[PDB]
Each structure stands twice: as structure tokens, then as C-alpha cells.
Amino acid sequence: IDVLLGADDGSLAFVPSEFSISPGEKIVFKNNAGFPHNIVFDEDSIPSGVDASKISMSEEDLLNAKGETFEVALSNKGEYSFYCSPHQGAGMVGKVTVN
Ligand SMILES: [Cu+2]
């Protein structure tokens, strides 16, 4: 599935920000607008025994050009909360369920 970082009007949002995938399905996060952006999974808000480090960016890492992507595949089922670190307070957060 594809997920925009930033809406086409420059809003600080994931598009879409809530979605479900099947296990081992890849997510392509693409830098669209209002970057730099990143994608961090909340270590306290993912399925038990998942290593966040394996599925996220560092808080200190950035995508800073139009069309940079980050891709991940999730296999444990459950809900995964993520955010963009610099824009978290703007409300650039999301949630995926692996079902
Ligand atoms: Cu952002």
C-alpha cells in the first residue's frame, strides 16, 4: 500500500493515516509535501515482542526530498501506532492493523 507523507495541500498528515494490511504486505511511505518527514513506530504501541528498531526510522533520521520513500512489511498481527517525530504535535500520526 502507498501512504503519502504530507497531503497535496501541504497538510501535515499521513494519507491514509489509518488502514489495514495483511501480514508480510509492504507499505511504501512516500515523501509528498511539507517534508522533511519520518516514520517512527511507538515501541509501547505495537504488538508484544515486535522490535520497533526493525520496522522504523530513527527519530534522528529524515526524508527531506520529494519522492524519497521508506518501505516496511509487518508480519505480527495487531495494531501498530506510528508518528512523524518532528510533526507529531501537529497531529501527524497514524495507525495500521495487521489482520
Ligand atoms: Cu512529518
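As the structure lists them, so they are numbered: ligands from 1, and atoms in each ligand from 1. Residue numbers run from 1 in the order of the sequence given. Because only heavy atoms are used, hydrogens play no part in the values below, and waters and symmetry mates are left out as well, while side chains stay in.
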Report the C-alpha distance between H87 and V93 in whole Å, list the side-chain angles of each, state the deciding distance to 0.1 Å, and finish with yes or no for side-chain contact (heavy atoms from CB on, under 4.5 Å). CA-CA 8 Å; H87 303 129; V93 295; over 6 Å; no
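Ring orientation note: the planes of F70 and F29 are close to parallel, at an angle under 30° on the 30°/60° scale.
Excluding waters, the count of protein N/O/S atoms less than 2.8 Å from the Cu ion (ligand 1) comes to 3.
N99 and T97 are not linked by any side-chain donor-acceptor pair at a separation below 3.5 angstrom, with hydrogens and angles left out of the test.
In terms of modelled atom types and a separation under 3.5 Å, the side chain of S11 and the main chain of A13 share no donor-acceptor contact.
Ring to ring, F14 and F82 are close: their centroids are under 6.0 angstrom apart.
Listed by chain and number, the residues in a salt bridge (charged side-chain N to carboxylate O under 4.0 Å, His left out) with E18 are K95 (sequence neighbours excluded).
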